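Contents: one structure, followed by commentary.
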Amino acid sequence: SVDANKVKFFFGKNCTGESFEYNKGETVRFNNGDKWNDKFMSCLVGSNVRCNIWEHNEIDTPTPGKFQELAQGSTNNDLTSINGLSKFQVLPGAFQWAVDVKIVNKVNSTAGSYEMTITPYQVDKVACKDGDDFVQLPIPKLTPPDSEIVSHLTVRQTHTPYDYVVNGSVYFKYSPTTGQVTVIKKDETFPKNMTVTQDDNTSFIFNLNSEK
């Protein structure tokens with residue numbers, strides 16, 4: 001059986017082949033280079049845990065890439081029409097979507113001396129350093145879902161001299177059409193020292209060229 005509170009993956013039609021287990025509130029982005037990604041064939045989802053399966057991800061193309069929200073509880077026995085796999089996101093039945101963010105040393109050499117702490121609209125602050133697999137921020141359905149979300153961003157050193165590197169705000173938003181995630185950045189809130197580029201759908205990468 002599948003847990004109501006966890007999810008599990010099956011590497012053959014009719015829950016066969018190989019078997020895999022997954023925690024709630026986890027995001028895993030495989031590459032087309034690993035055949036172990038295309039090994040996806042079945043899966044099983046509890047009842048209090050969302051699952052999100054994406055194959056194509058783009059941010060200018062007019063053709064909507066293959067996307068499917070796996071129902072918060074069900075079995076997935078034949079889903080070849082989903083186009084195999086490339087990205088999976090598991091949500092703890094509490095967030096409608098989530099977003100991966102990571103820092104990148106564009107000034108330092110070790111990298112593991114900086115920490116980014118971001119706090120969207122009354123969300124649990126999450127502190128990540130240059131030594132993680134893109135920290136996941138929990139985002140509700142909002143109202144409306146195409147509405148923007150205020151987020152304070154504070155980048156500070158993990159250790160001495162413990163100085164502040166960035167102390168500004170950023171706007172996040174998703175398009176409730178194909179799970180398209182986007183970031184709005186304007187001189188009204190956005191700082192002038194760190195920038196963020198959309199390395200993939202739901203996957204952002206912040207580059208730190210300054211050293212405040």
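Following the order of the structure tokens, first chain is A, next is B, and so on, with residues numbered from 1 inside each chain and ligands from 1 in the order they appear.
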
Stretch 139-148 of chain A environment, 6 Å, only C-alpha atoms, sequence neighbours closer than 2 positions dropped, as a PyMOL selection string: chain A and resi 95-98+172-173+175

Those of chain A in DSSP alpha helix (DSSP H), formatted as a list in words: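 Those in chain A that DSSP calls alpha helix (DSSP H) are residues 35, 36, 37 and 38 of chain A.
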
Using only C-alpha atoms, please write the residues we just selected to a file, as a CSV table (one decimal), in the first residue's frame.
```csv
chain,number,residue,atom,x,y,z
A,35,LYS,CA,18.1,7.0,-18.5
A,36,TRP,CA,16.9,6.3,-14.9
A,37,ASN,CA,14.6,9.3,-15.5
A,38,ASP,CA,12.9,7.7,-18.5
```

Find the residue from A:178, A:207, A:136, A:189 that sits nearest to residue A:155; use only C-alpha atoms when measuring.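 Checking each of A:178, A:207, A:136, A:189 against residue A:155, counting only C-alpha atoms, the winner is A:207.
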
Within 12 Å of stretch 21-33 of chain A, counting only C-alpha atoms, which residues show up once you throw out same-chain ones fewer than 6 positions away? Write them as a VMD selection string, please. chain A and resid 1 to 11 39 to 40 43 to 57 72 84 to 101 133 to 139 199 to 203

Using only C-alpha atoms for the distances, tell me which of A:198, A:42, A:16, A:113 is nearest to residue A:75. A:42

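Picture a line from atom CA of residue A:41 to atom CA of residue A:83; it runs 10.1 Å.
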
All strand (DSSP E) positions in stretch 51-201 of chain A, as number ranges by chain: A: 51-54, 67-70, 74-76, 87-91, 97-105, 114-120, 126-129, 135-139, 149-157, 164-175, 180-184, 194-200

Residues within 12 Å of residue A:110, please, as a list in words. Count only C-alpha atoms; anything in the same chain fewer than 3 positions from it doesn't count.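 Using only C-alpha atoms, the neighbours found are residues 104, 105, 106, 107, 113, 114, 129, 130 and 131 of chain A.
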
For residue A:163, which residue out of A:188, A:212, A:17, A:193 is the nearest one, using only C-alpha atoms?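 Nearest candidate to residue A:163 out of A:188, A:212, A:17, A:193: A:212.
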
Residue A:194 surroundings by only C-alpha atoms, 7 Å radius, close-in-sequence under 2 positions cut, as a ChimeraX atom specification: /A:191-192,206-210
